[PDB]
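Heads up, input_27.cif below (mmCIF, C-alpha atoms):
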```
data_input
loop_
_atom_site.group_PDB
_atom_site.id
_atom_site.type_symbol
_atom_site.label_atom_id
_atom_site.label_comp_id
_atom_site.auth_asym_id
_atom_site.auth_seq_id
_atom_site.Cartn_x
_atom_site.Cartn_y
_atom_site.Cartn_z
ATOM 1 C CA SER U 42 -56.479 -54.582 168.358
ATOM 2 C CA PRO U 43 -54.507 -57.243 166.466
ATOM 3 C CA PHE U 44 -54.897 -55.139 163.314
ATOM 4 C CA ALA U 45 -53.160 -52.115 164.862
ATOM 5 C CA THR U 46 -50.066 -54.178 165.703
ATOM 6 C CA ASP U 47 -49.736 -55.906 162.322
ATOM 7 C CA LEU U 48 -49.690 -52.459 160.698
ATOM 8 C CA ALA U 49 -46.846 -51.291 162.950
ATOM 9 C CA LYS U 50 -44.734 -54.291 161.923
ATOM 10 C CA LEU U 51 -45.512 -53.725 158.237
ATOM 11 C CA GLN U 52 -44.428 -50.079 158.467
ATOM 12 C CA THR U 53 -41.073 -51.231 159.854
ATOM 13 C CA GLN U 54 -40.628 -53.757 157.027
ATOM 14 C CA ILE U 55 -41.364 -51.421 154.118
ATOM 15 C CA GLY U 56 -39.386 -48.647 155.825
ATOM 16 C CA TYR U 57 -42.007 -45.869 155.797
ATOM 17 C CA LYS U 58 -43.938 -44.577 158.811
ATOM 18 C CA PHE U 59 -47.375 -43.161 158.024
ATOM 19 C CA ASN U 60 -48.696 -39.831 159.273
ATOM 20 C CA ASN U 61 -52.312 -40.986 158.756
ATOM 21 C CA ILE U 62 -52.512 -44.755 159.250
ATOM 22 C CA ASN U 63 -56.076 -44.813 157.898
ATOM 23 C CA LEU U 64 -54.484 -44.622 154.448
ATOM 24 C CA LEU U 65 -52.703 -47.870 155.328
ATOM 25 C CA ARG U 66 -55.804 -49.367 156.960
ATOM 26 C CA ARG U 67 -57.738 -48.625 153.769
ATOM 27 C CA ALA U 68 -54.812 -49.973 151.730
ATOM 28 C CA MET U 69 -55.124 -53.373 153.433
ATOM 29 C CA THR U 70 -58.940 -53.504 153.244
ATOM 30 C CA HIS U 71 -60.024 -55.656 150.305
ATOM 31 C CA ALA U 72 -63.163 -54.901 148.304
ATOM 32 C CA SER U 73 -64.929 -57.970 149.727
ATOM 33 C CA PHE U 74 -64.614 -56.620 153.285
ATOM 34 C CA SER U 75 -66.045 -53.109 152.890
ATOM 35 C CA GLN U 76 -67.121 -50.529 150.340
ATOM 36 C CA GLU U 77 -64.281 -48.472 151.852
ATOM 37 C CA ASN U 78 -61.436 -50.469 150.317
ATOM 38 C CA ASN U 79 -58.313 -50.196 148.165
ATOM 39 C CA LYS U 80 -59.570 -50.531 144.580
ATOM 40 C CA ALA U 81 -58.825 -46.873 143.833
ATOM 41 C CA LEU U 82 -55.508 -46.956 145.711
ATOM 42 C CA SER U 83 -54.298 -50.047 143.834
ATOM 43 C CA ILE U 84 -54.887 -48.330 140.482
ATOM 44 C CA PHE U 85 -52.703 -45.479 141.739
ATOM 45 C CA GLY U 86 -50.060 -47.964 142.872
ATOM 46 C CA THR U 87 -50.034 -49.573 139.427
ATOM 47 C CA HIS U 88 -48.982 -46.353 137.697
ATOM 48 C CA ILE U 89 -46.449 -45.627 140.455
ATOM 49 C CA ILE U 90 -44.788 -48.995 139.817
ATOM 50 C CA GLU U 91 -44.919 -48.455 136.045
ATOM 51 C CA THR U 92 -43.219 -45.081 136.532
ATOM 52 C CA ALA U 93 -40.567 -46.484 138.882
ATOM 53 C CA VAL U 94 -39.632 -49.198 136.378
ATOM 54 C CA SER U 95 -39.476 -46.686 133.518
ATOM 55 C CA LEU U 96 -37.329 -44.345 135.624
ATOM 56 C CA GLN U 97 -34.609 -46.905 136.360
ATOM 57 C CA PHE U 98 -34.103 -48.477 132.929
ATOM 58 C CA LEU U 99 -34.254 -45.151 131.067
ATOM 59 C CA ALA U 100 -31.756 -43.483 133.411
ATOM 60 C CA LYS U 101 -29.616 -46.604 132.822
ATOM 61 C CA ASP U 102 -29.920 -47.086 129.030
ATOM 62 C CA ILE U 103 -31.332 -43.986 127.336
ATOM 63 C CA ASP U 104 -30.998 -45.706 123.932
ATOM 64 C CA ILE U 105 -33.327 -48.540 124.990
ATOM 65 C CA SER U 106 -36.006 -49.684 122.559
ATOM 66 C CA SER U 107 -39.634 -48.834 123.245
ATOM 67 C CA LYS U 108 -40.493 -52.499 122.660
ATOM 68 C CA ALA U 109 -37.907 -53.515 125.269
ATOM 69 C CA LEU U 110 -39.099 -51.012 127.881
ATOM 70 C CA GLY U 111 -42.702 -52.170 127.512
ATOM 71 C CA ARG U 112 -41.789 -55.803 128.150
ATOM 72 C CA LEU U 113 -39.827 -54.881 131.279
ATOM 73 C CA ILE U 114 -42.785 -52.839 132.549
ATOM 74 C CA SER U 115 -45.181 -55.693 131.782
ATOM 75 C CA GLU U 116 -42.975 -58.287 133.501
ATOM 76 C CA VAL U 117 -42.640 -56.328 136.749
ATOM 77 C CA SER U 118 -46.383 -55.579 136.483
ATOM 78 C CA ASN U 119 -47.235 -59.295 136.275
ATOM 79 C CA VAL U 120 -49.733 -60.221 138.986
ATOM 80 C CA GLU U 121 -48.553 -63.761 139.730
ATOM 81 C CA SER U 122 -44.897 -63.747 138.629
ATOM 82 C CA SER U 123 -43.800 -60.584 140.472
ATOM 83 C CA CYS U 124 -46.566 -58.490 142.038
ATOM 84 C CA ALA U 125 -47.975 -61.205 144.307
ATOM 85 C CA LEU U 126 -44.474 -62.386 145.246
ATOM 86 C CA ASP U 127 -43.550 -58.984 146.679
ATOM 87 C CA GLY U 128 -46.828 -59.023 148.600
ATOM 88 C CA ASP U 129 -46.166 -62.525 149.921
ATOM 89 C CA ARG U 130 -42.678 -61.483 151.056
ATOM 90 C CA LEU U 131 -44.286 -58.812 153.249
ATOM 91 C CA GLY U 132 -46.884 -61.322 154.469
ATOM 92 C CA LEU U 133 -49.854 -59.304 153.228
ATOM 93 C CA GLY U 134 -51.958 -62.483 153.230
ATOM 94 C CA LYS U 135 -52.099 -62.160 157.026
ATOM 95 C CA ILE U 136 -52.849 -58.413 157.036
ATOM 96 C CA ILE U 137 -55.337 -57.896 154.198
ATOM 97 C CA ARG U 138 -58.914 -57.683 155.490
ATOM 98 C CA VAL U 139 -61.034 -60.018 153.349
ATOM 99 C CA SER U 140 -64.529 -61.351 153.918
ATOM 100 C CA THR U 141 -64.841 -64.790 155.497
ATOM 101 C CA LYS U 142 -65.962 -66.069 152.078
ATOM 102 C CA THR U 143 -62.710 -64.797 150.517
ATOM 103 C CA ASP U 144 -59.330 -66.519 150.885
ATOM 104 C CA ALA U 145 -56.543 -64.033 151.627
ATOM 105 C CA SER U 146 -53.781 -66.111 149.993
ATOM 106 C CA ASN U 147 -55.106 -65.357 146.495
ATOM 107 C CA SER U 148 -52.412 -63.819 144.304
ATOM 108 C CA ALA U 149 -54.884 -61.238 142.985
ATOM 109 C CA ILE U 150 -55.736 -60.143 146.532
ATOM 110 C CA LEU U 151 -52.011 -60.021 147.336
ATOM 111 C CA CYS U 152 -51.171 -57.918 144.277
ATOM 112 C CA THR U 153 -54.002 -55.460 144.949
ATOM 113 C CA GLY U 154 -52.916 -54.871 148.542
ATOM 114 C CA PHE U 155 -49.296 -54.532 147.419
ATOM 115 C CA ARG U 156 -50.022 -51.811 144.857
ATOM 116 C CA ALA U 157 -52.371 -50.044 147.288
ATOM 117 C CA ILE U 158 -49.422 -49.596 149.672
ATOM 118 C CA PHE U 159 -47.564 -47.273 147.294
ATOM 119 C CA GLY U 160 -50.700 -45.337 146.399
ATOM 120 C CA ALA U 161 -51.088 -44.746 150.135
ATOM 121 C CA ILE U 162 -47.496 -43.576 150.662
ATOM 122 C CA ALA U 163 -47.666 -41.000 147.861
ATOM 123 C CA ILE U 164 -50.809 -39.475 149.377
ATOM 124 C CA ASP U 165 -49.542 -39.653 152.963
ATOM 125 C CA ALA U 166 -46.143 -38.165 152.034
ATOM 126 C CA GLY U 167 -47.335 -35.697 149.389
ATOM 127 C CA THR U 168 -44.676 -36.989 147.001
ATOM 128 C CA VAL U 169 -44.349 -39.823 144.498
ATOM 129 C CA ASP U 170 -40.557 -40.274 144.569
ATOM 130 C CA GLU U 171 -40.900 -41.390 148.192
ATOM 131 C CA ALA U 172 -43.238 -44.164 147.042
ATOM 132 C CA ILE U 173 -40.801 -44.919 144.209
ATOM 133 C CA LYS U 174 -37.982 -45.283 146.746
ATOM 134 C CA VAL U 175 -39.985 -47.668 148.939
ATOM 135 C CA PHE U 176 -40.798 -49.828 145.905
ATOM 136 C CA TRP U 177 -37.092 -50.448 145.447
ATOM 137 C CA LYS U 178 -35.267 -52.148 148.338
ATOM 138 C CA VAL U 179 -38.576 -54.016 148.713
ATOM 139 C CA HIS U 180 -39.031 -55.533 145.236
ATOM 140 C CA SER N 42 -30.055 -22.897 114.035
ATOM 141 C CA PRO N 43 -33.855 -22.612 114.222
ATOM 142 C CA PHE N 44 -34.151 -25.918 116.105
ATOM 143 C CA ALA N 45 -32.014 -24.940 119.103
ATOM 144 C CA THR N 46 -33.828 -21.593 119.281
ATOM 145 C CA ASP N 47 -37.248 -23.268 119.354
ATOM 146 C CA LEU N 48 -35.892 -25.474 122.157
ATOM 147 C CA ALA N 49 -34.726 -22.454 124.166
ATOM 148 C CA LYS N 50 -38.176 -20.885 123.813
ATOM 149 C CA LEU N 51 -39.695 -24.267 124.698
ATOM 150 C CA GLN N 52 -37.866 -24.480 128.034
ATOM 151 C CA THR N 53 -38.971 -20.930 128.855
ATOM 152 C CA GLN N 54 -42.604 -21.752 128.066
ATOM 153 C CA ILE N 55 -42.684 -24.840 130.306
ATOM 154 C CA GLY N 56 -40.605 -23.397 133.152
ATOM 155 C CA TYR N 57 -37.839 -26.009 133.338
ATOM 156 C CA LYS N 58 -34.156 -25.604 132.451
ATOM 157 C CA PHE N 59 -32.635 -28.789 131.051
ATOM 158 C CA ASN N 60 -29.127 -29.708 132.158
ATOM 159 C CA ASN N 61 -28.489 -32.221 129.356
ATOM 160 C CA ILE N 62 -30.394 -30.612 126.483
ATOM 161 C CA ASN N 63 -29.880 -33.730 124.350
ATOM 162 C CA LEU N 64 -32.704 -35.286 126.385
ATOM 163 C CA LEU N 65 -35.010 -32.524 125.145
ATOM 164 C CA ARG N 66 -33.594 -32.907 121.630
ATOM 165 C CA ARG N 67 -34.390 -36.623 121.868
ATOM 166 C CA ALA N 68 -37.969 -35.859 122.937
ATOM 167 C CA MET N 69 -38.541 -33.571 119.929
ATOM 168 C CA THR N 70 -37.335 -36.240 117.461
ATOM 169 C CA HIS N 71 -40.073 -38.430 116.011
ATOM 170 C CA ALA N 72 -39.449 -42.068 115.112
ATOM 171 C CA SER N 73 -39.607 -41.279 111.387
ATOM 172 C CA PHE N 74 -36.734 -38.773 111.697
ATOM 173 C CA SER N 75 -34.094 -40.835 113.524
ATOM 174 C CA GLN N 76 -33.542 -43.938 115.620
ATOM 175 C CA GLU N 77 -32.630 -41.637 118.529
ATOM 176 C CA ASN N 78 -36.322 -40.829 118.859
ATOM 177 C CA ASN N 79 -38.852 -40.323 121.659
ATOM 178 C CA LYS N 80 -40.876 -43.559 121.558
ATOM 179 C CA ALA N 81 -39.312 -44.757 124.819
ATOM 180 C CA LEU N 82 -39.675 -41.382 126.553
ATOM 181 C CA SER N 83 -43.298 -41.292 125.377
ATOM 182 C CA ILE N 84 -44.093 -44.430 127.387
ATOM 183 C CA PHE N 85 -42.413 -42.897 130.442
ATOM 184 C CA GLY N 86 -44.361 -39.655 130.084
ATOM 185 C CA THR N 87 -47.642 -41.553 129.802
ATOM 186 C CA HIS N 88 -47.252 -43.182 133.219
ATOM 187 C CA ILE N 89 -46.025 -39.920 134.761
ATOM 188 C CA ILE N 90 -49.243 -38.215 133.656
ATOM 189 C CA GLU N 91 -51.311 -41.175 134.876
ATOM 190 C CA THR N 92 -49.673 -40.742 138.289
ATOM 191 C CA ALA N 93 -50.043 -36.947 138.208
ATOM 192 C CA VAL N 94 -53.784 -37.229 137.543
ATOM 193 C CA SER N 95 -54.239 -40.009 140.107
ATOM 194 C CA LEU N 96 -52.527 -38.073 142.905
ATOM 195 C CA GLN N 97 -54.558 -34.896 142.373
ATOM 196 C CA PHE N 98 -57.946 -36.640 142.478
ATOM 197 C CA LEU N 99 -57.162 -39.126 145.259
ATOM 198 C CA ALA N 100 -55.895 -36.272 147.447
ATOM 199 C CA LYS N 101 -59.156 -34.322 147.155
ATOM 200 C CA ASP N 102 -61.585 -37.269 147.336
ATOM 201 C CA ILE N 103 -60.241 -40.452 148.929
ATOM 202 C CA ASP N 104 -63.696 -42.051 148.505
ATOM 203 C CA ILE N 105 -63.540 -41.814 144.696
ATOM 204 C CA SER N 106 -64.676 -44.951 142.898
ATOM 205 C CA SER N 107 -62.116 -46.837 140.834
ATOM 206 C CA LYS N 108 -64.456 -46.514 137.847
ATOM 207 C CA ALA N 109 -64.475 -42.722 138.183
ATOM 208 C CA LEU N 110 -60.694 -42.519 138.612
ATOM 209 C CA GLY N 111 -60.242 -44.594 135.461
ATOM 210 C CA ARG N 112 -62.508 -42.348 133.397
ATOM 211 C CA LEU N 113 -60.685 -39.245 134.645
ATOM 212 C CA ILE N 114 -57.313 -40.755 133.706
ATOM 213 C CA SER N 115 -58.608 -41.539 130.212
ATOM 214 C CA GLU N 116 -59.953 -37.994 129.783
ATOM 215 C CA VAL N 117 -56.567 -36.382 130.451
ATOM 216 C CA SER N 118 -54.540 -38.946 128.466
ATOM 217 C CA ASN N 119 -56.807 -38.657 125.410
ATOM 218 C CA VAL N 120 -54.691 -38.581 122.257
ATOM 219 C CA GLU N 121 -56.965 -36.302 120.223
ATOM 220 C CA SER N 122 -58.883 -34.355 122.899
ATOM 221 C CA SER N 123 -56.183 -33.566 125.490
ATOM 222 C CA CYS N 124 -52.666 -34.863 124.776
ATOM 223 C CA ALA N 125 -52.438 -32.823 121.555
ATOM 224 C CA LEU N 126 -54.176 -29.547 122.315
ATOM 225 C CA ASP N 127 -51.660 -29.245 125.149
ATOM 226 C CA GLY N 128 -48.881 -30.061 122.692
ATOM 227 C CA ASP N 129 -50.186 -27.726 119.994
ATOM 228 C CA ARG N 130 -50.565 -24.911 122.532
ATOM 229 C CA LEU N 131 -46.822 -25.239 123.189
ATOM 230 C CA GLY N 132 -46.157 -25.110 119.442
ATOM 231 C CA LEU N 133 -44.547 -28.548 119.199
ATOM 232 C CA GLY N 134 -45.936 -28.959 115.674
ATOM 233 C CA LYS N 135 -43.001 -26.865 114.419
ATOM 234 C CA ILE N 136 -40.444 -28.167 116.949
ATOM 235 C CA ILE N 137 -40.892 -31.918 116.507
ATOM 236 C CA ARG N 138 -38.555 -33.290 113.834
ATOM 237 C CA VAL N 139 -40.608 -35.441 111.448
ATOM 238 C CA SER N 140 -39.910 -37.141 108.130
ATOM 239 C CA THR N 141 -42.031 -36.556 105.038
ATOM 240 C CA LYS N 142 -43.261 -40.181 104.981
ATOM 241 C CA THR N 143 -44.773 -40.703 108.438
ATOM 242 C CA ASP N 144 -47.535 -43.179 109.242
ATOM 243 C CA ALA N 145 -48.711 -41.454 112.441
ATOM 244 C CA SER N 146 -51.316 -38.703 112.464
ATOM 245 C CA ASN N 147 -50.481 -35.160 113.534
ATOM 246 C CA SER N 148 -52.385 -35.814 116.766
ATOM 247 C CA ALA N 149 -50.163 -38.801 117.570
ATOM 248 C CA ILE N 150 -47.002 -36.868 116.671
ATOM 249 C CA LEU N 151 -47.967 -33.999 118.982
ATOM 250 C CA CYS N 152 -49.025 -36.361 121.782
ATOM 251 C CA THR N 153 -45.849 -38.447 121.582
ATOM 252 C CA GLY N 154 -43.767 -35.275 121.760
ATOM 253 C CA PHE N 155 -45.865 -33.838 124.590
ATOM 254 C CA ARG N 156 -45.667 -37.025 126.668
ATOM 255 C CA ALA N 157 -41.943 -37.469 125.980
ATOM 256 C CA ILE N 158 -41.228 -34.020 127.451
ATOM 257 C CA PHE N 159 -42.058 -35.133 130.993
ATOM 258 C CA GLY N 160 -40.197 -38.413 130.546
ATOM 259 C CA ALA N 161 -37.038 -36.468 129.719
ATOM 260 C CA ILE N 162 -37.683 -33.976 132.537
ATOM 261 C CA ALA N 163 -37.604 -36.746 135.147
ATOM 262 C CA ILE N 164 -34.456 -38.282 133.647
ATOM 263 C CA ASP N 165 -32.786 -34.860 133.528
ATOM 264 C CA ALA N 166 -33.879 -33.898 137.060
ATOM 265 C CA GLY N 167 -33.567 -37.334 138.668
ATOM 266 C CA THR N 168 -36.974 -36.911 140.342
ATOM 267 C CA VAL N 169 -40.428 -37.813 139.057
ATOM 268 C CA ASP N 170 -42.025 -35.269 141.418
ATOM 269 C CA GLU N 171 -40.507 -32.467 139.337
ATOM 270 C CA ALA N 172 -42.148 -33.764 136.155
ATOM 271 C CA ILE N 173 -45.499 -34.017 137.955
ATOM 272 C CA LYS N 174 -45.192 -30.396 139.095
ATOM 273 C CA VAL N 175 -44.387 -29.160 135.582
ATOM 274 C CA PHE N 176 -47.268 -31.074 133.988
ATOM 275 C CA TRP N 177 -49.770 -29.591 136.449
ATOM 276 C CA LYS N 178 -48.674 -26.154 135.215
ATOM 277 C CA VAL N 179 -48.694 -26.845 131.462
ATOM 278 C CA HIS N 180 -52.042 -28.640 131.585
ATOM 279 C CA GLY N 181 -53.417 -26.230 134.190
ATOM 280 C CA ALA N 182 -52.756 -23.245 131.919
ATOM 281 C CA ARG N 183 -55.307 -24.680 129.451
ATOM 282 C CA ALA N 184 -57.658 -27.023 131.336
#
```
Would you mind writing the file out in structure tokens?
Amino acid sequence: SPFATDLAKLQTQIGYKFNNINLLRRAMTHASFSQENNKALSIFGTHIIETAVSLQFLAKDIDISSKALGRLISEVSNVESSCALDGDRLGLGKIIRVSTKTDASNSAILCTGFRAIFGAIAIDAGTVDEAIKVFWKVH
Amino acid sequence: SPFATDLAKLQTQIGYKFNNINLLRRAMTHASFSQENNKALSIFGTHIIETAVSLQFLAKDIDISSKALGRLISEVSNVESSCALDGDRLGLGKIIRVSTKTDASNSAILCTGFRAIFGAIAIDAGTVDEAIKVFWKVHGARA
């Protein structure tokens, strides 16, 4: 299937090879395509990205303000100005399964599929730091 | 000093030995006490717990609805019903350094100190997985 090959190329881009590719198949399935989708995985990926951002800037400037850390988290967590860009770099608009009524180039669809990738790695690898590593060198 | 002794007992109770203990000292310092406080580490610890709760439920039930996962995250991160009773069980009410004039409630002071523990654990260990493992033990010993 054309879907099985696009997943193999995406695993080589992000740098992680899945043990159960159904976690990645579900990560690319939008809510408009099936009830089995990535809404729950994207919520997981949101907190993984929030944790990865907090880990870098706190291990870099421990005396940072709480008001400064929150703005950095909110900027990297911006759907259109950062989240969708990292999904467009990986070409998720050609991989995400959306209904024929839905347009896959939507930034919201891109950001959801991007966050769902890291929620799928943490479950497939049994560790969150692995998903934190893959977020960097990709962002 | 009574503060360093309460910190030594604190590390024993949670099961993690800090390398740089000034990270733990920073977590037990409220904003009203000093500018080297735990408000930044509190934000880190919040997202660590949100990830710890998300991983444990999504591993058991992959078909969990996003609405259910959100309610379960809010139940564990509750300021007055969860993130406080965990902090008061550890005895942080006598370990957290607070000023006499403080605008935050005792529930917020205990929660901020409880959350900031895991933010300093990850910075001290260099791995977020270690903080997730320690939280599952501290919270698991009560709920």
Might you pull out every residue within 9 Å of segment 160-167 of chain N, with all atoms listed in the file counted and same-chain residues fewer than 6 positions away left off, and present them as a PDB file with C-alpha atoms, in the coordinates of the input?
```pdb
ATOM      1  CA  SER U  95     -39.476 -46.686 133.518  1.00  0.00           C
ATOM      2  CA  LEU U  96     -37.329 -44.345 135.624  1.00  0.00           C
ATOM      3  CA  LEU U  99     -34.254 -45.151 131.067  1.00  0.00           C
ATOM      4  CA  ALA U 100     -31.756 -43.483 133.411  1.00  0.00           C
TER       5      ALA U 100
ATOM      6  CA  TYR N  57     -37.839 -26.009 133.338  1.00  0.00           C
ATOM      7  CA  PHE N  59     -32.635 -28.789 131.051  1.00  0.00           C
ATOM      8  CA  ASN N  60     -29.127 -29.708 132.158  1.00  0.00           C
ATOM      9  CA  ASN N  61     -28.489 -32.221 129.356  1.00  0.00           C
ATOM     10  CA  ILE N  62     -30.394 -30.612 126.483  1.00  0.00           C
ATOM     11  CA  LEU N  64     -32.704 -35.286 126.385  1.00  0.00           C
ATOM     12  CA  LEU N  65     -35.010 -32.524 125.145  1.00  0.00           C
ATOM     13  CA  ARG N  67     -34.390 -36.623 121.868  1.00  0.00           C
ATOM     14  CA  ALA N  68     -37.969 -35.859 122.937  1.00  0.00           C
ATOM     15  CA  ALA N  81     -39.312 -44.757 124.819  1.00  0.00           C
ATOM     16  CA  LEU N  82     -39.675 -41.382 126.553  1.00  0.00           C
ATOM     17  CA  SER N  83     -43.298 -41.292 125.377  1.00  0.00           C
ATOM     18  CA  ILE N  84     -44.093 -44.430 127.387  1.00  0.00           C
ATOM     19  CA  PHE N  85     -42.413 -42.897 130.442  1.00  0.00           C
ATOM     20  CA  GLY N  86     -44.361 -39.655 130.084  1.00  0.00           C
ATOM     21  CA  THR N  87     -47.642 -41.553 129.802  1.00  0.00           C
ATOM     22  CA  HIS N  88     -47.252 -43.182 133.219  1.00  0.00           C
ATOM     23  CA  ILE N  89     -46.025 -39.920 134.761  1.00  0.00           C
ATOM     24  CA  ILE N 173     -45.499 -34.017 137.955  1.00  0.00           C
ATOM     25  CA  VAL N 175     -44.387 -29.160 135.582  1.00  0.00           C
TER      26      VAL N 175
END
```
Select from chain N every residue with an atom at most 7 Å from any atom of chain U, then for each give the shortest pair of atoms and their distance in Å to one decimal, using all atoms listed in the file, rows by chain and rising number, as JSON lines.
```
{"residue": "N:77", "atom": "CA", "partner": "U:104", "partner_atom": "CA", "distance": 7.0}
{"residue": "N:80", "atom": "CA", "partner": "U:107", "partner_atom": "CA", "distance": 5.7}
{"residue": "N:81", "atom": "CA", "partner": "U:107", "partner_atom": "CA", "distance": 4.4}
{"residue": "N:85", "atom": "CA", "partner": "U:95", "partner_atom": "CA", "distance": 5.7}
{"residue": "N:88", "atom": "CA", "partner": "U:92", "partner_atom": "CA", "distance": 5.6}
{"residue": "N:89", "atom": "CA", "partner": "U:92", "partner_atom": "CA", "distance": 6.1}
{"residue": "N:91", "atom": "CA", "partner": "U:88", "partner_atom": "CA", "distance": 6.3}
{"residue": "N:92", "atom": "CA", "partner": "U:88", "partner_atom": "CA", "distance": 5.7}
{"residue": "N:95", "atom": "CA", "partner": "U:85", "partner_atom": "CA", "distance": 5.9}
{"residue": "N:96", "atom": "CA", "partner": "U:164", "partner_atom": "CA", "distance": 6.8}
{"residue": "N:100", "atom": "CA", "partner": "U:164", "partner_atom": "CA", "distance": 6.3}
{"residue": "N:105", "atom": "CA", "partner": "U:81", "partner_atom": "CA", "distance": 7.0}
{"residue": "N:106", "atom": "CA", "partner": "U:81", "partner_atom": "CA", "distance": 6.2}
{"residue": "N:107", "atom": "CA", "partner": "U:81", "partner_atom": "CA", "distance": 4.5}
{"residue": "N:164", "atom": "CA", "partner": "U:100", "partner_atom": "CA", "distance": 5.9}
{"residue": "N:168", "atom": "CA", "partner": "U:170", "partner_atom": "CA", "distance": 6.5}
{"residue": "N:169", "atom": "CA", "partner": "U:170", "partner_atom": "CA", "distance": 6.0}
{"residue": "N:170", "atom": "CA", "partner": "U:169", "partner_atom": "CA", "distance": 6.0}
```
One decimal, Å: what's the distance from atom CA of residue 117 of chain N over to atom CA of residue 90 of chain N, could you say?
8.2 Å
Which centre and edge lengths in Å to one decimal define the box along x, y and z that fits every listed atom of segment 91-103 of chain U plus 4 Å per side, as JSON?
```
{"center_x": -37.3, "center_y": -46.3, "center_z": 133.1, "size_x": 23.3, "size_y": 13.7, "size_z": 19.5}
```
Within 9 Å of residue 56 of chain N, counting all atoms listed in the file, which residues qualify if same-chain residues fewer than 2 places away don't, as a tab-separated table (two decimals) with C-alpha atoms, keeping the file's coordinate frame?
```
chain	number	residue	atom	x	y	z
N	51	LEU	CA	-39.70	-24.27	124.70
N	52	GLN	CA	-37.87	-24.48	128.03
N	53	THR	CA	-38.97	-20.93	128.85
N	54	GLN	CA	-42.60	-21.75	128.07
N	58	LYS	CA	-34.16	-25.60	132.45
N	175	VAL	CA	-44.39	-29.16	135.58
N	178	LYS	CA	-48.67	-26.15	135.22
N	179	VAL	CA	-48.69	-26.84	131.46
```
Just the number, please: distance in Å from atom CA of residue 123 of chain U to atom CA of residue 110 of chain N, one decimal.
24.8 Å
Straight-line distance linking atom CA of residue 70 of chain N with atom CA of residue 120 of chain N, stated in Å to one decimal
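The value is 18.2 Å.
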When the PyMOL selection byres ((chain U and resi 151) around 8) is applied to the file above, which residues end up in the set, as a PyMOL selection string?
chain U and resi 124-125+128-129+133-134+137+145-150+152-155
Report as a PyMOL selection string the residues that result from applying the PyMOL selection byres ((chain N and resi 128) around 10) to the structure here.
chain N and resi 123-127+129-134+148+150-156+158+179-180
Evaluate the PyMOL selection byres ((chain U and resi 48) around 10) on the structure here and hand back the selected residues as a list in words.
residues 43, 44, 45, 46, 47, 49, 50, 51, 52, 53, 54, 58, 59, 62, 65, 66, 69 and 136 of chain U
Shortest contact to residue 97 of chain N, candidates N:135, N:183, N:142, N:174, atoms counted all atoms listed in the file, goes to N:174
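Nearest residue to residue 56 of chain U among U:180, U:156, U:118, U:175 is U:175, counting all atoms listed in the file.
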Reconstruct N, CA and C atoms of segment 139-151 of chain U; output as a PDB file, in the coordinates of the input.
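What landed in out.pdb:
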```pdb
ATOM      1  N   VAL U 139     -60.141 -59.434 154.340  1.00  0.00           N
ATOM      2  CA  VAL U 139     -61.034 -60.018 153.349  1.00  0.00           C
ATOM      3  C   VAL U 139     -62.233 -60.612 154.072  1.00  0.00           C
ATOM      4  N   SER U 140     -63.347 -60.722 153.352  1.00  0.00           N
ATOM      5  CA  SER U 140     -64.529 -61.351 153.918  1.00  0.00           C
ATOM      6  C   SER U 140     -64.255 -62.826 154.197  1.00  0.00           C
ATOM      7  N   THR U 141     -65.030 -63.391 155.127  1.00  0.00           N
ATOM      8  CA  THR U 141     -64.841 -64.790 155.497  1.00  0.00           C
ATOM      9  C   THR U 141     -65.098 -65.737 154.332  1.00  0.00           C
ATOM     10  N   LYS U 142     -65.791 -65.275 153.288  1.00  0.00           N
ATOM     11  CA  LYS U 142     -65.962 -66.069 152.078  1.00  0.00           C
ATOM     12  C   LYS U 142     -64.749 -65.997 151.162  1.00  0.00           C
ATOM     13  N   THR U 143     -63.884 -65.005 151.353  1.00  0.00           N
ATOM     14  CA  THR U 143     -62.710 -64.797 150.517  1.00  0.00           C
ATOM     15  C   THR U 143     -61.472 -65.368 151.199  1.00  0.00           C
ATOM     16  N   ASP U 144     -60.597 -65.982 150.405  1.00  0.00           N
ATOM     17  CA  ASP U 144     -59.330 -66.519 150.885  1.00  0.00           C
ATOM     18  C   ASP U 144     -58.226 -65.501 150.627  1.00  0.00           C
ATOM     19  N   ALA U 145     -57.516 -65.116 151.691  1.00  0.00           N
ATOM     20  CA  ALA U 145     -56.543 -64.033 151.627  1.00  0.00           C
ATOM     21  C   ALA U 145     -55.261 -64.406 150.893  1.00  0.00           C
ATOM     22  N   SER U 146     -55.006 -65.693 150.664  1.00  0.00           N
ATOM     23  CA  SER U 146     -53.781 -66.111 149.993  1.00  0.00           C
ATOM     24  C   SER U 146     -53.874 -66.029 148.475  1.00  0.00           C
ATOM     25  N   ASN U 147     -54.979 -65.516 147.936  1.00  0.00           N
ATOM     26  CA  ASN U 147     -55.106 -65.357 146.495  1.00  0.00           C
ATOM     27  C   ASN U 147     -54.081 -64.351 145.986  1.00  0.00           C
ATOM     28  N   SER U 148     -53.434 -64.694 144.869  1.00  0.00           N
ATOM     29  CA  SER U 148     -52.412 -63.819 144.304  1.00  0.00           C
ATOM     30  C   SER U 148     -52.997 -62.488 143.852  1.00  0.00           C
ATOM     31  N   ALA U 149     -54.246 -62.488 143.381  1.00  0.00           N
ATOM     32  CA  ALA U 149     -54.884 -61.238 142.985  1.00  0.00           C
ATOM     33  C   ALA U 149     -55.126 -60.340 144.191  1.00  0.00           C
ATOM     34  N   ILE U 150     -55.557 -60.922 145.311  1.00  0.00           N
ATOM     35  CA  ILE U 150     -55.736 -60.143 146.532  1.00  0.00           C
ATOM     36  C   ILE U 150     -54.391 -59.627 147.032  1.00  0.00           C
ATOM     37  N   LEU U 151     -53.342 -60.446 146.913  1.00  0.00           N
ATOM     38  CA  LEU U 151     -52.011 -60.021 147.336  1.00  0.00           C
ATOM     39  C   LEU U 151     -51.507 -58.862 146.485  1.00  0.00           C
TER      40      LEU U 151
END
```
